[PDB]
Amino acid sequence: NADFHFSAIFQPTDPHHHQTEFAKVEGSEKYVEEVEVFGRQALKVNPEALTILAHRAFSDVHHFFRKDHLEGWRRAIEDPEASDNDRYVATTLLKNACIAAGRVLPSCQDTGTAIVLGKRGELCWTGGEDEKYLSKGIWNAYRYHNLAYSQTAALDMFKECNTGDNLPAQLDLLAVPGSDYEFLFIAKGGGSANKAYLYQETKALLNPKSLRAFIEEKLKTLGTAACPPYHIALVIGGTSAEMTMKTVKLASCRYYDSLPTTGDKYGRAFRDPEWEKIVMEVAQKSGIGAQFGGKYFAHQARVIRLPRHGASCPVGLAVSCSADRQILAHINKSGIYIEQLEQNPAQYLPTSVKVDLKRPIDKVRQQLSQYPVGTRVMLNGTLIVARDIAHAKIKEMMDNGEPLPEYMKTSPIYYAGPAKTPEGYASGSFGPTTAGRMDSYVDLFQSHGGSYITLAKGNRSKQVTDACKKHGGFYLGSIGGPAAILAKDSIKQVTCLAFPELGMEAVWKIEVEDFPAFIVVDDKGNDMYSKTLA
Amino acid sequence: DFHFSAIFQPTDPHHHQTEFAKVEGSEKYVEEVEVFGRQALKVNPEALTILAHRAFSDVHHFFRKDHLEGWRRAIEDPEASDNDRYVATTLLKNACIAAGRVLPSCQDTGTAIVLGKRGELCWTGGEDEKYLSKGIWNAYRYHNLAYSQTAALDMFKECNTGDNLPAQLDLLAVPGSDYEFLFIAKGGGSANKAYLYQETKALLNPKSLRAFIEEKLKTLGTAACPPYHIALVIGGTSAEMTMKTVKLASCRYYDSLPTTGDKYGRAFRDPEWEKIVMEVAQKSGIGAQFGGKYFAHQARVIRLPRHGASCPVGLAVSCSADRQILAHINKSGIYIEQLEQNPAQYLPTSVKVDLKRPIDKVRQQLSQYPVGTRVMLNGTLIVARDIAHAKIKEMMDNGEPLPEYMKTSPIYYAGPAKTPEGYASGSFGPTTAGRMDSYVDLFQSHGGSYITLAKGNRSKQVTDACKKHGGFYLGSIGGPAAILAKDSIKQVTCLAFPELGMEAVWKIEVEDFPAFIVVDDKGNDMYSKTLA
Ligand SMILES: O=C(O)/C=C/C(=O)O
Ligand code: SF4
Ligand code: SF4
């Protein structure tokens, strides 16, 4: 008991998040009861309060965003240095927030995995069944709202099925001092969750030349498949891999913003605003921008430097996609407090080649070949919808003798999946999905008469541009993210066509009007991303 | 239509299959009480200090049964190569020196990792992290361990903490009144072999997955001191949830999980693919660091639920310094997992090289032998690792010449633990060679680093520099840090950068140092058959 000083790794100057605006659930003070046991102050919390909080959290988060997420779209619209595509995407996204704020449609069709970061106090007593009540609140949120069941169960190593409730949830409940119960609810979409990268580097990385080249290199690997502008988060170091990958996501959700900006002899975590700006240079000098070239590739950056083993240096990269969905909350003696989000997003709000898709496919391919890559396109016609699990069955068909089905050859293939349908609505949120995940099917399906035109979001591999030039194909790129405004304004009629047992991932025929898209990969060999990402 | 199903449903959550020993006189730190009809437990927070102290002390000297049962199996198996028996015997012998409680099992005493599960009605005062850190502080300060943590004064300026703090303190909230623990001393090498891959649906088929495992296992190489406890996790709710699950699988925390999934997407062990990984490991021929069958002790494959668009896969290993201890505090006191106190019950050609000659006279002798030749070094070694190279390259990048100590003796990539009383040195095992690969061609172009001594395979950029500059890379046995200090290392002297802890520059006098020629001056590599 001498030269010992304890210093926690994370020492935030606002641990209880006072800078965040909270709203109180009306009549929630009845779910708590202050008691005194062995001289210490405790809080008997009704476990039903965990169900109600998760319900309101995972409901109101799919319709609203924080200020700094909307302040990044408006900045992308008003900044002169933003490309004409930067303003177009940011306006289309900011408009999608207004349609989503109407509480009828979710902000994105990928309602995301239910993630809960709970911190139960030493003297906060709920009965122990915290997970069951929290899961019931998530179960209530996705069953009684126009959300989507996104979780895939594993019956064995390969046989899979959907759960039908967007469960199970990531329930990481921590033990903390005190008697209060603090939360951070996250609905992390699949695309952003897939752009969480772990690199195991060495001491040779720790110098301003190498680290900058590392950032230049790794930021391009994120690409546009996670619907930029991103909230880029970067963590250098850590006590373990999982501690690094957990810290980078909390940085993306902006949980560690109140951390100090200087380290010490005790190895405390700290934000580095110097290199937060250096990260903003790489993002803005990349020219990748808002999905289609420009300056605003990232809303903002968060860089956290952690302690590390003398032999270890794990670094973590992750982003928060355009569907920035996180909510802070806490339960105390005063009741249930939940973070307020911007209810009115319109206050942040201040040439196209009409393509007919009702013509023969080869007559539509001829029209698209008349224009170079980067051409703004407005689709009007029929689209076939199919994604990963639908593709997995058609290749399984062709691997046994069955031919490529006819519906793949008639209309452009729209890599997407619909959310649940509201009452009196033509469809729920029906935004595009990551294109690069179905890259392995392009050359095969094109060799059998179909998939000549594909419609999705995100850059694709070189194997697709090669397959498109050979078979005379195209890859159309929709605006990734605006799933709500595409459902209300653009999508007019939806009809399940094949594999109805697959839920949202079935084969759908949809009639579409005024669908924004860009020609990024043509039948000649050009790619709109080869300048920014290759 | 709501049914709650937790992701992890272990059939032995409290780890009854693990044998626990009670700290004598620990029942005074607990008191069973009854509050609002439910049973609670007042735990003195000083009990957290004693448990963490005892845990991080006895874990550097003893191992579990299945870790020692894997070395004995590697010695007795007929299909094991003569090198498989040699490494497993040298490691198993190293445990006997370490079981003496004077020397740690490995020079890398590892990062202090604690997975605590405090019950809803387990009361400690809230200072669990402080008291757990004090117990870790006592363990590494009052024992012959090593301070492995590096603080960050800014983005690049660094310094050591001098106490092996901070610790990874992951305290979870669980029902009940008990406080259950898992103490881990994760070494650097095994912690650097934690890999996160973002894969797709196209991976989920027996053809792709088997070849995927074949592909990624080669990346582990021998740089993490095999035989490994290979762990593989397919799926997860997030990257961090996957990387957490794979490490617990490496520490064998999820062994009591079911073996079948259900419509609720519960986690489960896949014994079918646990063997498939063991086939690839045994059919790889990489073996115990130098070719053979026993590349891995055992495998653990866990299949998690996943997003319909996500498929995170996790790869991690537990190195030869497999250090984990389970514990729990209840009304009866402090119970801590028993490790094998007597490891000897699991226990059933060299080119003598003089290193006292001029360096070029020692390089000439090594060129007479092919790769894979067993060598016994006898002479002087210069010790330098990651931070020393970063400072010496900084010297040569500003005008200062390559220092004299780099050019005189073979470069020993290692770092010593603290020295016991009346001892020549503490544990002084080798370190991962691949981390100093970026300095070979530079240092060899300026007259030094012609002979390097470490463990683990290196990149092709080093084999080119060795053939070009006429150099060698000697491969020590990775892991036996205690038996190398007692038997092989006879005299140690700090040479430069004494503020760097283990990563300082050391001059050591060495006798009978086992090593293997893996990279010669011709372009050959003994791992090109197994790892390329
Ligand atoms: O595992 C390593 O390579 C590091 C060993 C050390 O701390 O010297
Ligand atoms: S906005 Fe894009 S990245 Fe985010 S969840 Fe929706 S589709 Fe995925
Ligand atoms: S046994 Fe090898 S990998 Fe494990 S800590 Fe020691 S040196 Fe590192």
# chains A, B, ... in the order shown; residues from 1 in each chain; ligands from 1
call {"tool": "closest_atom_pairs", "arguments": {"of": "chain A", "to": "ligand 3", "cutoff": "12 Å", "atoms": "only C-alpha atoms and all ligand atoms", "output": "JSON lines"}}
result
{"residue": "A:309", "atom": "CA", "partner": "ligand 3", "partner_atom_place_in_ligand_line": "5 (S)", "distance": 10.9}
{"residue": "A:310", "atom": "CA", "partner": "ligand 3", "partner_atom_place_in_ligand_line": "8 (Fe)", "distance": 11.0}
{"residue": "A:311", "atom": "CA", "partner": "ligand 3", "partner_atom_place_in_ligand_line": "8 (Fe)", "distance": 8.5}
{"residue": "A:312", "atom": "CA", "partner": "ligand 3", "partner_atom_place_in_ligand_line": "8 (Fe)", "distance": 10.1}
call {"tool": "select_by_dssp", "arguments": {"residues": "region 31-229 of chain A", "states": "strand (DSSP E or B)", "output": "VMD selection string"}}
result
chain A and resid 32 to 37 40 to 45 65 113 to 121 124 to 125 151 to 154 160 to 162 170 to 176 181 to 188 197 to 201
call {"tool": "residues_near_ligand", "arguments": {"ligand": "ligand 2", "cutoff": "7 Å", "atoms": "only C-alpha atoms and all ligand atoms", "output": "VMD selection string"}}
result
chain A and resid 108 to 112 188 to 192 225 to 227 321 to 323 431 to 434 480 to 481
call {"tool": "write_last_selection", "arguments": {"atoms": "C-alpha atoms", "output": "CSV table (one decimal), in the first residue's frame"}}
result
chain,number,residue,atom,x,y,z
A,108,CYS,CA,-33.7,2.8,-43.1
A,109,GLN,CA,-35.0,-0.6,-44.0
A,110,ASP,CA,-32.2,-2.2,-42.0
A,111,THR,CA,-33.6,-1.7,-38.5
A,112,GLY,CA,-30.3,-3.1,-37.2
A,188,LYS,CA,-26.4,-0.8,-35.6
A,189,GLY,CA,-27.2,-1.5,-39.2
A,190,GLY,CA,-25.6,-4.4,-41.0
A,191,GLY,CA,-23.6,-2.3,-43.5
A,192,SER,CA,-22.0,-0.1,-40.8
A,225,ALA,CA,-20.7,0.4,-48.9
A,226,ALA,CA,-21.7,1.7,-45.5
A,227,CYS,CA,-23.7,4.7,-46.9
A,321,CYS,CA,-23.6,5.0,-41.2
A,322,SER,CA,-26.2,7.5,-42.4
A,323,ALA,CA,-28.7,5.6,-40.2
A,431,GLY,CA,-33.7,1.2,-49.6
A,432,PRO,CA,-30.8,-0.5,-51.4
A,433,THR,CA,-28.3,-3.0,-49.9
A,434,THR,CA,-24.6,-3.4,-50.1
A,480,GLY,CA,-27.8,4.5,-50.2
A,481,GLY,CA,-29.9,5.3,-47.1
call {"tool": "residues_around", "arguments": {"residues": "region 16-33 of chain A", "least_positions_apart": "4", "cutoff": "7 Å", "atoms": "only C-alpha atoms", "output": "ChimeraX atom specification"}}
result
/A:43-46,49,333-340
call {"tool": "write_last_selection", "arguments": {"atoms": "N, CA and C atoms", "output": "mmCIF file, in the first residue's frame"}}
result
data_model
loop_
_atom_site.group_PDB
_atom_site.id
_atom_site.type_symbol
_atom_site.label_atom_id
_atom_site.label_comp_id
_atom_site.auth_asym_id
_atom_site.auth_seq_id
_atom_site.Cartn_x
_atom_site.Cartn_y
_atom_site.Cartn_z
ATOM 1 N N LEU A 43 -31.898 1.621 -4.717
ATOM 2 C CA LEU A 43 -33.004 2.022 -5.582
ATOM 3 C C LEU A 43 -33.675 0.754 -6.089
ATOM 4 N N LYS A 44 -34.867 0.465 -5.576
ATOM 5 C CA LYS A 44 -35.645 -0.671 -6.054
ATOM 6 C C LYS A 44 -36.344 -0.253 -7.341
ATOM 7 N N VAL A 45 -35.919 -0.829 -8.461
ATOM 8 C CA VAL A 45 -36.438 -0.485 -9.778
ATOM 9 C C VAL A 45 -37.341 -1.612 -10.251
ATOM 10 N N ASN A 46 -38.565 -1.264 -10.619
ATOM 11 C CA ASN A 46 -39.470 -2.221 -11.232
ATOM 12 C C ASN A 46 -38.863 -2.702 -12.545
ATOM 13 N N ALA A 49 -39.845 -1.278 -15.955
ATOM 14 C CA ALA A 49 -39.265 -0.044 -16.473
ATOM 15 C C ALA A 49 -38.186 -0.322 -17.514
ATOM 16 N N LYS A 333 -33.742 7.932 -9.081
ATOM 17 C CA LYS A 333 -34.841 8.135 -8.144
ATOM 18 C C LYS A 333 -35.949 8.997 -8.729
ATOM 19 N N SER A 334 -35.643 9.801 -9.744
ATOM 20 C CA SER A 334 -36.617 10.705 -10.334
ATOM 21 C C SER A 334 -37.468 10.051 -11.416
ATOM 22 N N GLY A 335 -37.126 8.839 -11.848
ATOM 23 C CA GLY A 335 -37.888 8.153 -12.873
ATOM 24 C C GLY A 335 -37.042 7.668 -14.034
ATOM 25 N N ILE A 336 -37.629 7.615 -15.229
ATOM 26 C CA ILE A 336 -36.950 7.157 -16.438
ATOM 27 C C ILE A 336 -36.688 8.363 -17.329
ATOM 28 N N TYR A 337 -35.415 8.658 -17.570
ATOM 29 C CA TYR A 337 -35.012 9.737 -18.460
ATOM 30 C C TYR A 337 -34.406 9.158 -19.731
ATOM 31 N N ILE A 338 -34.856 9.663 -20.880
ATOM 32 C CA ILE A 338 -34.389 9.218 -22.184
ATOM 33 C C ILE A 338 -33.935 10.438 -22.978
ATOM 34 N N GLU A 339 -32.896 10.251 -23.792
ATOM 35 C CA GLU A 339 -32.313 11.359 -24.545
ATOM 36 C C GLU A 339 -33.300 11.906 -25.571
ATOM 37 N N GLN A 340 -33.410 13.232 -25.635
ATOM 38 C CA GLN A 340 -34.221 13.880 -26.656
ATOM 39 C C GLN A 340 -33.458 13.950 -27.973
#
call {"tool": "closest_residue", "arguments": {"among": "A:387, A:308, A:437, A:119", "to": "ligand 1", "atoms": "only C-alpha atoms and all ligand atoms"}}
result
A:308
call {"tool": "residues_around", "arguments": {"residues": "residue 318 (chain B)", "least_positions_apart": "4", "cutoff": "7 Å", "atoms": "only C-alpha atoms", "output": "PyMOL selection string"}}
result
chain B and resi 190+228-230+250-251+322
call {"tool": "residues_near_ligand", "arguments": {"ligand": "ligand 1", "cutoff": "8 Å", "atoms": "only C-alpha atoms and all ligand atoms", "output": "compact mmCIF listing (two decimals) with C-alpha atoms, in the first residue's frame"}}
result
# COMPACT_ATOMS: atom_id res chain seq x y z
CA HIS A 309 1.13 -4.10 -24.42
CA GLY A 310 4.76 -3.43 -25.31
CA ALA A 311 4.42 -6.11 -28.00
CA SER A 312 0.81 -5.44 -29.06
CA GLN B 107 9.07 -13.61 -19.77
CA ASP B 108 5.88 -11.96 -21.11
CA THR B 109 3.81 -11.93 -17.92
CA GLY B 110 0.99 -10.60 -20.08
CA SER B 148 4.46 -5.04 -19.92
CA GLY B 187 0.62 -12.62 -23.49
CA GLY B 188 1.47 -10.26 -26.30
CA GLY B 189 2.01 -12.91 -28.97
CA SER B 190 -1.33 -14.64 -28.46
CA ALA B 191 -3.11 -11.29 -28.12
CA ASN B 192 -1.62 -10.22 -31.47
CA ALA B 223 4.85 -16.46 -34.12
CA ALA B 224 2.45 -17.13 -31.21
CA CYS B 225 4.45 -20.05 -29.73
CA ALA B 414 13.94 -10.74 -26.40
CA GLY B 415 13.23 -8.95 -23.14
CA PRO B 416 13.96 -10.05 -19.58
CA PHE B 428 14.36 -14.28 -20.87
CA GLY B 429 12.54 -16.13 -23.65
CA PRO B 430 12.43 -15.01 -27.28
CA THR B 431 9.96 -12.61 -28.84
CA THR B 432 8.06 -12.57 -32.13
CA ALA B 433 10.58 -12.04 -34.92
CA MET B 502 12.43 -5.16 -21.09
CA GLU B 503 12.77 -3.38 -24.44
